[PDB]
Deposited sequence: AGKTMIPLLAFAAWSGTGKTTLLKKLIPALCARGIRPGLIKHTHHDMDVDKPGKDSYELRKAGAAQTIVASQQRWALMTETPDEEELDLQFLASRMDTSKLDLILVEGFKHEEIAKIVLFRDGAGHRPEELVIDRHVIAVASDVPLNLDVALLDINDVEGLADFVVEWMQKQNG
């Protein structure tokens, strides 16, 4: 039920670095964030399809998917314990049919006209002015980005 928000950028634009700065800023504001990331590349090998491993510091659930990739984002969010969370950030999926902020950096090897802005995009965080039908954000102002995220949250109540 809690809000899901994707972040999208071309490689080399500095998305991971930005996320790493954005999370503590959200935390500082009382937000408890989750994150879902898509990547490429003995008793599990013995054949337990699902394994929980619990320690003092933390616990893990590991789910083997040998025949078909798990790509249903709403299903994955539902695995998290949302009683402990206010927001789930998302990155790296193809058919992201949720709200999305796009990152742009002018010297990062792409012209502004190459940007693809679909109907789910709510904002573009950029280091130069752009001609757009959505909110335009300063990508080098993380505090201000945290502001925009919180306000978007306080509007998603339902």
Missing CA stretches, deposited numbering from 1, N-terminus first | 1-4, 46-57
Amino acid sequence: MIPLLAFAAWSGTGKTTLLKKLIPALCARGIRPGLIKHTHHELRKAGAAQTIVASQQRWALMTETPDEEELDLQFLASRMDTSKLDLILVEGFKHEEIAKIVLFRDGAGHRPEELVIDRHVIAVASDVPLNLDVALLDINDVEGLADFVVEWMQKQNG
From here on, numbers count along this sequence of modelled residues.
Higher of the two mean Cα B-factors (42-50, 64-72; per PDB record) comes from 42-50
As the entry reports it, the stretch among 113-121 and 85-93 with higher mean C-alpha B factor is 113-121
Of the choices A99, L132, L103, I36, which one's C-alpha carries the largest B-factor in the record?
-> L132
Determine, from the deposited record, the chain-internal third of the Cα B-factor for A25: lowest, middle or highest.
-> middle
Tertile call for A146 (CA temperature factor, within chain, third-based) is the highest
